[PDB]
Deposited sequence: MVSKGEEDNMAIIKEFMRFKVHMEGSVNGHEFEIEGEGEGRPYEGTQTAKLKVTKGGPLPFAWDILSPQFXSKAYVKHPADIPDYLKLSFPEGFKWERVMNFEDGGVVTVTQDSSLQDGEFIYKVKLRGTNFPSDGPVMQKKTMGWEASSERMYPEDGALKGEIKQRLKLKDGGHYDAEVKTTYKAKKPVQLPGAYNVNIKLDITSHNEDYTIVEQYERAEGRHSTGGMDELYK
């Protein structure tokens, strides 16, 4: 696996989504250092732009092959290649907005290929998502554990608000390799996702993420 998941790897991503019925597509490319836990992505809205909602609800959906893992925590999602893995996520926001996501991760011609499908619903029309009142995510801790033959992660994620405070989301994700490979025990992942640039209407956006697994015991 270290022979095919190289220390520098690129990816391509496609998202098809809808948020409160507003349909869109995004395409992007990324690159990073999977064993160092760092990566960047450049995203472009290719249909449905400009988006009438906060970019921040989409940013966490654009790459868990790039988490730095201590040697004694099995790196299940790297080990899943070349076949790769899928993930499925639920985000429940504190005002009743919901985002569900499914994703396929594969490796083709040397690059990761990500296909994301996203559905956001029931965001209040005057809430911070539809009104674009958010200012990026706080650093997160994803609590990971094996269950039913897959890897699960849970987050209490917090979006900064322009007028102060936070807009919170409870997130739960299942990550499942396409072939059985070794699952880890319980551990945590420290994640910090930054928007490093964007144009005025968020149709062109660059992101940076650092993700590092840490022991829980």
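Numbered from the first deposited residue, the unresolved ranges run 1-8, 71, 227-234.
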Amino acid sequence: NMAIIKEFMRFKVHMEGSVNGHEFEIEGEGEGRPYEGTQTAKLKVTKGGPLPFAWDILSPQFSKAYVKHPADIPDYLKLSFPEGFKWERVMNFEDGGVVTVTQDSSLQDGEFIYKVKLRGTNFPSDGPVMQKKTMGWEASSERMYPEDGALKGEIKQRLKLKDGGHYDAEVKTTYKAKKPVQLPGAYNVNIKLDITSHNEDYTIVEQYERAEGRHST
From here on, numbers count along this sequence of modelled residues.
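The mean Cα B-factor in the deposited entry runs higher for 175-183 than for the other of 53-61 and 175-183. Set 71-79 against 114-122 and average the Cα temperature factors; 71-79 ends up higher. Out of 140, 102, 105, 92, it is 140 whose C-alpha atom has the highest B-factor in the PDB entry. Taking only the listed residues 31, 36, 27, 148, the entry reports the highest CA temperature factor at 148. Placement of the Cα temperature factor of residue 192 within the chain: lowest third of the modelled residues, per the deposited record.
Split the chain's modelled residues into thirds by C-alpha temperature factor. Residue 43 is in the lowest one. Residue 199: CA B factor in the highest third of modelled residues in this chain (values from the PDB entry).
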